[PDB]
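Trainee: experimental coordinates follow, after the sequence.
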Amino acid sequence: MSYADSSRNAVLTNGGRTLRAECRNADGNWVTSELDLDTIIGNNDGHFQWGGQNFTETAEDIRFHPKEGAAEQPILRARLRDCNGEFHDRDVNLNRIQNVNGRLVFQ
């Protein structure tokens, strides 16, 4: 499924630039993994782009929701600024992020 399947203590850090979460590895051990969103997440005029990087420079009000309601769906929403210079709150499915033996990687 995703890293969320075996992740906890998932909170955004650095102002929504770092995704910190504790995910179990292939052995079952809980590993604290951190993925710089700003390193693999981009904002395309109000649209999250997996593999963009530097989205935080055009993103504001970044709030991470690892376990959304009873759905426990990891989604990240923030205000995405467009090339014109406006802002529109968007949301992205962090389910793309999986855990490989104790590491967080986007897919």
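Mentor: That came in fine, so what should we check first? Numbering: from 1, shown residues only.
Trainee: so residue 75 touches residue 93, yeah?
Mentor: Yes - Residue 75 lies in contact with residue 93 (CB atoms under 8 Å); the separation is 5.7 Å. Where C-beta positions appear, they are placed from N, C-alpha and C, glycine not excepted.
Trainee: neighbour-wise, which of these two wins?
Mentor: When neighbours are counted by other CB atoms under 10 Å, residue 75 and residue 93 differ, and residue 75 comes out ahead with 17 against 14.
Trainee: let me see the contact set for the more buried one.
Mentor: Taking CB atoms under 8 Å, 6 or more residues apart in numbering as the definition of contact, the neighbours of residue 75 are 65, 68, 91-95.
Trainee: same thing but 6 Å
Mentor: Counting by CB atoms under 6 Å, 6 or more residues apart in numbering, residue 75 touches 65, 68, 91, 93-94.
Trainee: ok, what's across the strand from the residue nearest to residue 35 when sequence neighbours are not counted?
Mentor: Setting aside the residues directly before and after it, residue 35 is nearest to residue 104 in space (CB to CB, 6 or more residues apart in numbering), at 4.1 Å. Legend: beta-bridge partners of residue 104 under DSSP bridges are residue 99.
Trainee: confirm for me that residue 104 is in contact with residue 33.
Mentor: Yes - assessed by CB atoms under 6 Å, residue 104 is found in contact with residue 33 at 4.2 Å.
Trainee: among those two, which residue is more densely surrounded?
Mentor: residue 104 (24 against 21).
Trainee: how far away is that one from residue 46?
Mentor: Taking CB to CB, to the nearest Å as the criterion, residue 104 is separated from residue 46 by 25 Å.
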